[PDB]
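Single-structure report; data block below.
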Amino acid sequence: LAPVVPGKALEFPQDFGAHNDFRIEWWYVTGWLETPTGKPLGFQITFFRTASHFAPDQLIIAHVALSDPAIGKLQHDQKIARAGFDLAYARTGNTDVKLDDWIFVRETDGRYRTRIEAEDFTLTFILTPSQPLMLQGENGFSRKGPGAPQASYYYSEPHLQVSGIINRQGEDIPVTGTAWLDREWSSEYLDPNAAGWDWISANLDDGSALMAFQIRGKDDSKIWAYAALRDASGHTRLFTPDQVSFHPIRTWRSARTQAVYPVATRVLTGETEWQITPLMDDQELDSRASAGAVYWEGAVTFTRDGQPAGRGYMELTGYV
């Protein structure tokens, strides 16, 4: 029901909780891990809600992945449930999100705990904030297209410290890491002339946080674009669509879907050039059989004007 309009200030801790009066809501976690041997792994977790004893009226959709270069492709799992019916089974509420056993919870102290038991791995993590949260756009009002209604309320928690345990092959391993949380809600999806989006975020080594995206038209026009850099002084610089562009360095073709992705790319935010290198090429996640789509969810490293800068994720949609 509820529209996204400017001049509405976010308030915390209230706006950590679900926004069940809106049509759509996202909880998106991306990060890098380190095992006891020093080996890196990437992971991501998505929950997405959109709006009777069996009828699919309100829905919670989720997917998870682990990126291990030793495997060379994702290990992933994906689920969807009807929400509103059995809050014990599937719900988005004041402190958590739950789909079957998959759960994501915010503690009173601000720490996130999550247990995600998938087919080939389990993630049991604590994600501990280290910085103030980062409002996107204009104090959380973040535009995603030229139309007046084409906007989201949107913030991020960058530089989440990761602790906890991954189970794989029935073997518990403790990990450390750093992660990023996006929180977005709206009553309108992207314009349907959009083929898809490209999104990146980066936990930069100096403490800075970067997020950017573009919306791709089916005609290969740039429907919209955005970026925000919060520097080590805590100042956020915002970039207009004019100032953000994407420039592939290298493409990879999926043998599963035949889609062709810019897995390595250069992203310009004003006069600053960020280069994105993938941990591995095949980070494609096909969730179509759980009412999803084919996404590239890949852990990537960033350089800035040619120097090492940090680590993060890149998500690419609408390439099939």
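Labels used: A, B, ... for chains in the order of the structure tokens, numbers from 1 for residues in each chain, and numbers from 1 for ligands as shown.
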Can you list, as a compact mmCIF listing (two decimals) with N, CA and C atoms, in the first residue's frame, every protein, DNA or RNA residue that comes within 10 Å of stretch 73-76 of chain A when you count only C-alpha atoms, leaving out same-chain residues fewer than 2 positions away?
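Now in out_4.txt:
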# COMPACT_ATOMS: atom_id res chain seq x y z
N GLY A 42 33.86 -16.41 -0.55
CA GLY A 42 32.87 -15.39 -0.64
C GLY A 42 31.55 -16.02 -0.25
N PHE A 43 30.67 -15.23 0.33
CA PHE A 43 29.31 -15.70 0.48
C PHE A 43 28.30 -14.55 0.25
N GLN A 44 27.06 -14.92 -0.04
CA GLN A 44 25.95 -14.01 0.02
C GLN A 44 24.66 -14.69 0.44
N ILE A 45 23.81 -13.87 1.02
CA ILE A 45 22.48 -14.28 1.45
C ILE A 45 21.45 -13.22 1.03
N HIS A 63 17.82 -16.83 -1.30
CA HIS A 63 18.86 -17.62 -1.86
C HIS A 63 20.16 -17.34 -1.12
N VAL A 64 21.04 -18.33 -1.17
CA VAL A 64 22.31 -18.24 -0.52
C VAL A 64 23.33 -18.86 -1.47
N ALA A 65 24.59 -18.45 -1.34
CA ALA A 65 25.72 -19.04 -2.08
C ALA A 65 27.04 -18.93 -1.36
N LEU A 66 27.91 -19.88 -1.67
CA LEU A 66 29.26 -19.90 -1.21
C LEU A 66 30.15 -20.01 -2.42
N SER A 67 31.14 -19.13 -2.43
CA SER A 67 32.10 -19.04 -3.51
C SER A 67 33.51 -19.50 -3.02
N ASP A 68 33.86 -20.70 -3.47
CA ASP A 68 35.10 -21.37 -3.18
C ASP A 68 35.85 -21.60 -4.48
N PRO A 69 37.03 -20.96 -4.67
CA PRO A 69 37.75 -21.16 -5.94
C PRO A 69 38.17 -22.60 -6.16
N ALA A 70 38.27 -23.35 -5.09
CA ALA A 70 38.68 -24.75 -5.23
C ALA A 70 37.55 -25.54 -5.90
N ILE A 71 36.29 -25.08 -5.79
CA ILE A 71 35.15 -25.69 -6.51
C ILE A 71 35.03 -25.13 -7.92
N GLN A 78 18.25 -22.21 -2.66
CA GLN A 78 17.21 -21.24 -2.92
C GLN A 78 15.86 -21.80 -2.50
N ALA A 118 21.99 -25.01 4.11
CA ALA A 118 21.76 -25.35 2.73
C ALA A 118 22.12 -26.79 2.46
N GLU A 119 21.93 -27.20 1.22
CA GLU A 119 22.22 -28.58 0.83
C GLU A 119 23.66 -29.03 1.12
N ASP A 120 24.63 -28.22 0.73
CA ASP A 120 26.04 -28.61 0.79
C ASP A 120 26.89 -27.81 1.78
N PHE A 121 26.30 -26.82 2.41
CA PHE A 121 26.96 -26.11 3.49
C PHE A 121 25.93 -25.53 4.45
N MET A 280 36.40 -15.73 -8.88
CA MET A 280 36.35 -16.71 -9.91
C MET A 280 35.24 -16.30 -10.85
N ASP A 281 35.31 -16.83 -12.05
CA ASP A 281 34.43 -16.42 -13.13
C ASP A 281 33.03 -16.96 -12.97
N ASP A 282 32.92 -18.25 -12.66
CA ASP A 282 31.60 -18.83 -12.59
C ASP A 282 30.95 -18.61 -11.21
N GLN A 283 30.30 -17.46 -11.05
CA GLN A 283 29.56 -17.17 -9.82
C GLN A 283 28.08 -16.95 -10.16
N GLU A 284 27.59 -17.73 -11.12
CA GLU A 284 26.21 -17.68 -11.58
C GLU A 284 25.28 -18.51 -10.70
N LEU A 285 24.14 -17.93 -10.36
CA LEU A 285 23.19 -18.55 -9.45
C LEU A 285 21.84 -18.59 -10.12
N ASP A 286 21.45 -19.80 -10.55
CA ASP A 286 20.15 -20.04 -11.20
C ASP A 286 19.11 -20.47 -10.15
N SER A 287 18.22 -19.56 -9.78
CA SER A 287 17.14 -19.84 -8.82
C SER A 287 15.77 -19.82 -9.52
N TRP A 296 24.24 -13.31 -11.33
CA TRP A 296 25.65 -13.52 -11.04
C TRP A 296 25.92 -12.88 -9.70
N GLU A 297 26.30 -13.67 -8.69
CA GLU A 297 26.51 -13.19 -7.33
C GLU A 297 27.97 -13.49 -6.98
N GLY A 298 28.87 -12.55 -7.25
CA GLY A 298 30.29 -12.88 -7.23
C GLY A 298 31.05 -11.97 -6.30
> stretch 180-196 of chain A: which residues within 7 Å, counting only C-alpha atoms, same-chain residues fewer than 6 positions away excluded, as a VMD selection string?
Replying inline: chain A and resid 1 to 4 22 to 31 144 150 to 160 215 to 218 317 to 318
>> Using Å and a single decimal, report how far atom CA of residue A:292 sits from atom CA of residue A:228.
In response: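 Going from atom CA of residue A:228 over to atom CA of residue A:292 covers 28.0 Å.
Among the candidates A:309, A:9, A:314, A:293, the one nearest to residue A:279 when counting only C-alpha atoms is A:314.
Comparing A:288, A:237, A:311, A:82 by their smallest distance to residue A:32, the closest is A:311 (using only C-alpha atoms).
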> With only C-alpha atoms as the basis for distance, which of A:265, A:13, A:221, A:161 is at the shortest distance from residue A:177?
Replying inline: A:161
